[PDB]
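In the form deposited in one PDB entry, a lone chain appears below as structure tokens.
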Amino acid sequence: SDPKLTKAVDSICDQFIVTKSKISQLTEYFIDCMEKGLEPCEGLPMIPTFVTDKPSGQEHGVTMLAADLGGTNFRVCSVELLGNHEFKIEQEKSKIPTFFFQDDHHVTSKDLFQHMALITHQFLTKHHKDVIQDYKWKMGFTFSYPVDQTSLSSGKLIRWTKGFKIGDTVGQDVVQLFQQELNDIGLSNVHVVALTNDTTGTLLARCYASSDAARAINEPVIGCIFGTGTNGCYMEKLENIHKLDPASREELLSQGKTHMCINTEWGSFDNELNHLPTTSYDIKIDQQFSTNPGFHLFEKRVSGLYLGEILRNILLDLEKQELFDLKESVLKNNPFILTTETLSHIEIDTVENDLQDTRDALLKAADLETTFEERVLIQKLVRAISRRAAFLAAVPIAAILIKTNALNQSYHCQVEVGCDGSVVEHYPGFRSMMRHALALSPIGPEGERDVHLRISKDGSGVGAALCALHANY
């Protein structure tokens, strides 16, 4: 209907295409960054988590509690391990005040961890009134942030993310700080025994929830997240974790341990952009509309937070060319007004319904009245953004499986990949497009059929509880 605008959209969509050649390149380059990352500091982060055992699913008769500090909520839960892949969970939820995300000179780290301590006291008083001060509680702490973890219960914050501005916390042991405030309110009997990442929890949770005899050939190997951010972990041979001091590496091998879970934090993959597909829109977003410019570049191309923003910048560039009319819309100066959920309604909308689900999504999101011919092109852009995100999201998984020869161990060898996150859970077709990229990746179609992307929820709870199980009070 409008050949001028149409040709413009066709050109932009082609910039988001990820060819089989590129998947091979990025998969090979990812393994290179993996090995470089396993060396002493001077590649990927590659952070040892010090988790060496996998839950069997038969741990029972014990009750653990765990604390999870997300980006917008604080969470306290109690996980009763009942064995047979079943568990009871009770919890109390608390919001994080908004003044912690601004750089108020009056807000400090202590005020944050004191907030966490009081909620613990309020939660324990709610469900376990009789054992609040006597029980020898073992607590698992899920701190889904960049951390330089030196042991299972010691980790200093490296840098805040997800909109946080508290400088006094950086470079300080977050577990000890949290423990300092738990003693002050009279809960000295609560010992923070484990410091885990949310990916480490996603994996252990699926190990406990997996099947007894199916796991003889179907072993969970990766725990990853695809939501506001992205990150993944896997088990690595102790011999390859050169960051680990040899004494501790030797001590674990002599104890029957063979692997240790590595928190790759692959969101920081190829921060130099030697190979990641990049467009003027990814650059304009990385420098201006980013909270930590220059960091987590791979995450910004796959995170559900930035997917909506990418579309917005495309439309603004199209208005600059007098091709698209925003009229009374409110996109001109409203970053992140386009959300991952908004695009979801566009992904699966049908042209048989004049793309009605998309018109309403745009009106509700930015009062942007549209025509049928416009939504058809907007749909093409959304489907191209999601497809690149799903294709890139497959590279880390394929690289990890290749580097560990997980797919060729037995006659009927299969592997599971635990996933959690608004994108992979609910964004329509995301997993479907991931499986497609896995088929185009070096593992091949025969490799994908032996890979199962099963979703495992509540990693920050059961997973953190299991880490405290094998820890000493």
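Counting begins at 1, following the sequence as shown. Think of the rigid core as the biggest set of C-alphas that the two forms share within 1.5 Å after superposition.
Beyond the structure shown, there is the form deposited in another entry, which is absent from this document and is the topic of what follows.
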Legend entry - Which of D184, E250, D317, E373 is displaced between this form and the one not shown by 2 angstroms or more at its C-alpha, rigid core aligned: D184
Inset, instruction - Align both forms on the core first, then report whether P335 has a C-alpha shift of 2 Å or more between this form and the one not shown. - result: no
Inset, instruction - Inspect the rigid-core superposition and answer whether the C-alpha of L69 shifts by 2 angstroms or more between this form and the one not shown. - result: yes
Legend entry - Core-superposed comparison between this form and the one not shown, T120 Cα displacement 2 Å or beyond: yes
